[PDB]
Amino acid sequence: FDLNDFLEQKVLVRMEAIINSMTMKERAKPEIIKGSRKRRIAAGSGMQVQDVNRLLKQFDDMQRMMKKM
RNA sequence: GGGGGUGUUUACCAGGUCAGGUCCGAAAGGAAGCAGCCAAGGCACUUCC
């Protein structure tokens, strides 16, 4: 369950804004994402790292559930 | 080494363009700019000098 699938699914607009800023490797293997990338991703989608962490946390909560069925 | 070609590779660290998103502005409109692509670089093969 990659960030892409998570993207399939008015604040939601900002969630996308943030995923459309990652690379295909990022969208595919989220963990590789750390400070540096975050800095690029947020600033790329006019967001703050927190928003990214926010989304990143969201996705996590999401993936987790998936890995339970 | 240089020119040409082919395959491959490359998050950000003063190339270009800029979906999405952001910023400034009452507006009209300005600004920066991620991914992408183009470009460019790296690893080679080929061909010419």
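Hydrogens, waters and symmetry mates play no part in the numbers below; they use all other heavy atoms, side chains included. Below, read A as the first sequence line, B as the second, and so on, with proteins coming before strands; counting in each chain starts at 1.
Stem regions for RNA chain B, each three or more consecutive Watson-Crick or G-U pairs with both distances under 3.5 Å and listed by first number, read B:1-10 with B:40-49, B:15-17 with B:36-38, B:22-24 with B:29-31.
In this structure, A:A43 and A:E26 both approach RNA chain B, and ranking their closest nucleotides by distance from the 5' end singles out A:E26. With RNA chain B read from its 5' end, the first of the two nearest nucleotides for A:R37 and A:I41 is the one closest to A:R37.
Across all strands, A:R39 comes closer than 4.0 Å to no nucleic acid atom at all (heavy-atom distances). At the heavy-atom level, A:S36 lies under 4.0 Å from base atoms of the strands shown.
When all heavy atoms of A:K38 and A:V52 are compared, the closest pair comes out as CG-CG1, 4.2 Å. Residues A:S45 and A:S21 approach most closely at N-OG, 3.4 Å, considering heavy atoms. When all heavy atoms of A:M22 and A:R27 are compared, the closest pair comes out as O-NH2, 3.1 Å.
Using cut-offs of 30° and 60° for the angle between ring planes, the A:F6 and A:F59 rings count as perpendicular.
In terms of the side chain to side chain donor-acceptor pair (under 3.5 Å) criterion, residue partners of A:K29 (sequence neighbours excluded) are, by chain and number, A:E31.
Going from the P atom of B:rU22 to that of B:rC43 covers 41 Å, rounded to whole Å.
Under 3.5 Å, the side chain of A:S21 and the base of B:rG20 form at least one donor-acceptor pair of N or O atoms. For A:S45 and B:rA35, a side-chain-to-base donor-acceptor distance below 3.5 Å is absent, hydrogens and geometry of angles not being considered.
Taking side-chain N and O atoms only, A:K25 has a distance below 4.0 Å to OP1 or OP2 of B:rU10.
Adjacent nucleotides B:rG42 and B:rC43 have six-membered base rings whose centres lie under 5.5 Å apart with planes inclined under 30°, meeting the stacking criterion. Under the rule of centres below 5.5 angstrom and planes below 30 degrees, the bases of B:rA19 and B:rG20 are stacked.
Checking B:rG21, B:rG20, B:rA35 against every side-chain atom of A:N20, the shortest atom distance belongs to B:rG20.
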